[PDB]
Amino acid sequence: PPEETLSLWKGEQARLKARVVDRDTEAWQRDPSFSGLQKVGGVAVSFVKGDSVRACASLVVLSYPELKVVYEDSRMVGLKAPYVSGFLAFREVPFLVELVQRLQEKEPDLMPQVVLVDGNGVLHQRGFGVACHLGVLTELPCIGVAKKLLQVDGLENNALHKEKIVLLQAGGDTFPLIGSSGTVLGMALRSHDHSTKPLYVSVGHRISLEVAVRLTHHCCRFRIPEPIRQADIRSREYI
């Protein structure tokens, strides 16, 4: 009953968006060296077309500060119709929740304290990206780490944007992503000395933007934050 389904999802999008928290809720987040942080998660998803859409997803957990994989669960499943633009997350995210639930059941001591999501946070067409959606359904702190600048609220990959990227001279350097509204939606981060291409970081849930950006940088042994890099490898394996 697709009209019923999409209508339900539209209501849920509004309700879930209102649940997004953009401040820190954990003691470890307020410590300058993130004292108390031991486990960082990574999530990545790739889709495949077919009679049914398939999703290849990976949840990994890494030790922190060491960034070594301590848990992994990577899967390919079919997702159920209806497939509606702007609402694929309403099939995708419950599958990701299932991964988290399986971790809680099978290895509860390895539950991540924060999840780095390969995808968008509040820097999103409707201010409710996959990282927000996963966060509110699990109550886990989540960060949206995007590889491209999302064109919302007047953000443009224009000449000035490109100039600001050049002026990111070293790993850790940032510049704010500020909408036409004047709202700070996220930060561009040069994640590593080796790469000149920035990551675009925004809050998913239960973390502040400053903390999200600093933690993201600290997870970058290479350009892509290690939990995402590891999840990416495993969700391309299934592709």
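Just count from 1 along the sequence shown to find any residue number.
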property: Between the two ranges 153-161 and 88-96, the one averaging a larger CA B factor in the entry; result: 153-161
property: 164-172 versus 111-119 - which carries the larger mean C-alpha B factor in the record; result: 164-172
property: Highest-ranked of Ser46, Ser63, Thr196, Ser58 once sorted by CA temperature factor in the record; result: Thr196
property: Member of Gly41, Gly186, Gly204, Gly182 with the greatest C-alpha B factor (per the PDB record); result: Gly182
property: Third of the chain's Cα B-factor distribution that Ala81 belongs to, per the entry; result: highest
property: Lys147 by Cα B-factor - lowest, middle or highest third of the modelled chain; result: highest
property: Chain thirds of CA B-factor: placement of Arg19; result: highest
property: Assigned third (lowest, middle, highest) for the C-alpha B factor of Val70; result: lowest
property: Chain-wide C-alpha B factor ranking for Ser208, given as lowest, middle or highest third; result: lowest
